[PDB]
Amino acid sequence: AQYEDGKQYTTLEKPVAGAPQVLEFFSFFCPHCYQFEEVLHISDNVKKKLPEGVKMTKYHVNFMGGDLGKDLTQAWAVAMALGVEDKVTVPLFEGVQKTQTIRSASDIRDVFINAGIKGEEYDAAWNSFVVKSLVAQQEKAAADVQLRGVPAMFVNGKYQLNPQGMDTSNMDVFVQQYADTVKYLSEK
């Protein structure tokens, strides 16, 4: 076909029942994720071609950046619980990978403060149990798919995006091909 198993995607030998429709994994330590977010804007271009009523879920992972990596999974949980993902993603990426100003939970917290989340509000979420289950959801979802690399996208727990098999000469073309693939898999 135009879209082949092993080409633009692969198929999970052990499919994950009851999965989020479209499920993305990233790490703030992950360089390609930095590219996927800062340059390609993949999440955004995919959502813009997804059908009506398909929900998009994005989770952080622990297996990069040691102790700071888990902190980032917790703070991403805060971002989700407070609905401030769009306000912290970029300063977290640039603080970890560009400026090197994030070295501790506290520095992670500063990013939320500068973005206008209140100190009390952040510390409260950070320590909250709503956030703990958010951390657990993130972990369980990754565990569910044997995840060992990011960035990674899954559609309906059966299909995994394969960017390596798409042409990267032209970025806008790469992105469209990625988004279109997700749409195709979505309808499968």
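In this text, residue numbers run from 1 along the sequence as written.
Taking the PDB entry as given, 37 to 45 carries the higher mean Cα B factor of the two stretches 132 to 140 and 37 to 45. Of the two stretches examined, 20 to 28 and 160 to 168, the record assigns the greater average C-alpha temperature factor to 160 to 168. Out of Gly65, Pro151, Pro51, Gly119, the entry records its largest CA B-factor for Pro51. In the deposited entry, the Cα temperature factor of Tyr9 places it in the highest third of its chain's modelled residues.
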